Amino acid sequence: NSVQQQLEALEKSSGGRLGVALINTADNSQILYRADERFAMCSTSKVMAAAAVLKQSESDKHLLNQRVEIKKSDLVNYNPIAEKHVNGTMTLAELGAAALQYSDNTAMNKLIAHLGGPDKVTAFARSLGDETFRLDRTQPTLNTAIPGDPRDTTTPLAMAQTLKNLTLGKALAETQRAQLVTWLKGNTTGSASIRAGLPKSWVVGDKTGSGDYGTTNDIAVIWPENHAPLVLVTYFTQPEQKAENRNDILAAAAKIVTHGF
């Protein structure tokens, strides 16, 4: 029972398509399963929009405190933080935090509107060397996750490399890097995903995403107690539009690939 065989068996019994990329930053060794295939990102794409705004703040000291007005008209489907500020204002930093830690969709759309559109998020990704990421739509329609649709997709390997560069590497200056890591560590939505497959004392920063076709994603940076960090991307999708989301498959996959660390 090698890792590969265990993942193939998990995928087969699950009835879907699983994509995994683990980077072990101690020796840059990788564990890959369908890591070259495109998957709908769903709300894991919120990390790239928040990071694009942090990049702007490197050269503009006042940006993150800029205020944005929240009107009743700005609310889409899932806005647990923005609805508490209707008629009020939120700073760009508070929108970043809400988008990542609660997956607030109004917060994401405001960040995209500030940047000038989804093509500007793609151009940010390209500036990091990510040739794979593409963002095409806003919330909530970037969650349609139609099989074979290239829109709003990336690959597990590209996203694992980019998330390493963002949280641990060259992509952001130190204060901005640290702020992104703080937001990911504060996530409230990932208890039953990757985190549930790991030892309870490891420190995890993650961003979930779910959508149609039972599409269930999580991307994480993992800090073991006595080892270098690991970056893990788990994507999962299924062939029926109304399939149930399967966070338990992500937890299982994370348990398989971290057996040994």
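Counting begins at 1, following the sequence as shown.
Exercise for the section: Return whichever of 25-33 and 209-217 has the greater mean Cα B factor according to the PDB record. Expected result: Averaging CA B-factors over each stretch, the winner is 25-33.
Exercise for the section: Would you mind comparing 142-150 and 73-81 for me and telling me which has the higher average C-alpha temperature factor in the entry? Expected result: Between 73-81 and 142-150, it is 73-81 that shows the higher mean C-alpha B-factor.
Exercise for the section: By the entry's C-alpha temperature factors, tell me which of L168, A99, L184, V86 sits highest. Expected result: Among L168, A99, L184, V86, the PDB entry lists the largest C-alpha B-factor for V86.
Practice task
By the entry's C-alpha temperature factors, tell me which of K46, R195, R38, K61 sits highest.
Solution key: Comparing C-alpha B-factors across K46, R195, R38, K61, the maximum falls on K61.
Problem - Where the record places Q56 (Cα B-factor, split into thirds across the chain) - result: Its C-alpha B-factor belongs to the middle third of this chain's values.
Exercise for the section: Could you tell me which third, lowest, middle or highest, the C-alpha B-factor of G15 occupies within its chain? Expected result: CA B-factor rank for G15: highest third.
Handout entry: Third of the chain, ranked by Cα B-factor, where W223 sits
Key = For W223, whose C-alpha B-factor we compare with every modelled residue in the chain, the answer is the middle third.
Practice task
Sorting the chain's modelled residues by C-alpha B-factor, tell me whether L135 ends up in the lowest, middle or highest third.
Solution key: For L135, whose C-alpha B-factor we compare with every modelled residue in the chain, the answer is the lowest third.
Problem - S127 by Cα B-factor - lowest, middle or highest third of the modelled chain - result: Answer is highest: the recorded C-alpha B-factor places it there.
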